[PDB]
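Only one chain is shown below, in structure tokens, and it's the form deposited in one PDB entry.
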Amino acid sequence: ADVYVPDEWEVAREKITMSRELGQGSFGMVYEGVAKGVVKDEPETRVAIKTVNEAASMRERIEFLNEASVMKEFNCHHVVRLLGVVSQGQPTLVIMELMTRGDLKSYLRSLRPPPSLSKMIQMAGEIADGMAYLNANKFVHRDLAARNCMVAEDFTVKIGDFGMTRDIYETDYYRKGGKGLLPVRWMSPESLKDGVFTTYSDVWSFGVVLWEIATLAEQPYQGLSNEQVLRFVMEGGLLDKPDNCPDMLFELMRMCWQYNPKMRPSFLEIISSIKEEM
């Protein structure tokens, strides 16, 4: 819209403190912190606070709240929970459940120096729970990667979005035609060719996340450039079975990377498929 209309999700600047720093978000810096009177039965609650650039335009501020207004509808334990908005005041804030172990790509890379089929299959099921929920509330994530999946103190996996502007995952984006950043290494053929983002194109990215878990977050298509990735995937090229990859997990990957998007499974079908095995 041209406007944002404050509602009861609003929470006073007073009750938000910020501790350390979490990363460069799209509209501003993101910080860890603490928040009061936002989950009653808890006096203080540990949160993540994303912020709007002091510089950044008003129509950019509207653009920022309206994306977090989408999260007010949501109620899935495998999607990072919205706790509040702080629109009235200078630094324009959104508060969120704090996922203590940060993003799934750092967690998998932290295990390099195997994990069990079981334990991998689990993560796959928890990611697919969130994603099934999202596709059902008519949300297409269009940047599902392990770096946007978030981990909890208990090692539970929740779907998130940390945007494209973190220095730490710069190799993971290509300014194609020199326009906006594109996570080309994760993108369906149809998303690469024609710019078509669907439930189905999320199921392609989910197959790359499976590949990330199996490899412990190796760079997909290592030793190809972004232009070479484009060509390879647009021509029906696929990823190699990771070394030591269980059969059951690589078969999900293939299913998810059908060229024809209507050949691929729904998240709902993926959840079914794993759930027979537990």
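Note that residue numbering follows the sequence shown and begins at 1. Throughout, rigid core stands for the largest set of C-alpha atoms superposing within 1.5 Å between the two forms.
Omitted here: the form deposited in another entry. The next part is about that form.
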| query | finding |
| --- | --- |
| Mobile residue between this form and the one not shown, C-alpha criterion 2 Å or more, rigid core, from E42, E227, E218, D240 | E42 |
| Exceeds or equals 2 Å, Cα of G23 between this form and the one not shown, core fit | yes |
| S106 C-alpha moves between this form and the one not shown by 2 Å or more, core aligned | no |
| C-alpha of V184 off by 2 Å or more between this form and the one not shown on rigid core | no |
| Distance trend in the other entry - C-alpha atoms of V233 and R166, change of 3 Å or more | closer |
| Residue pair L182, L22 - Cα distance in the other entry, closer or farther (3 Å or more) | farther |
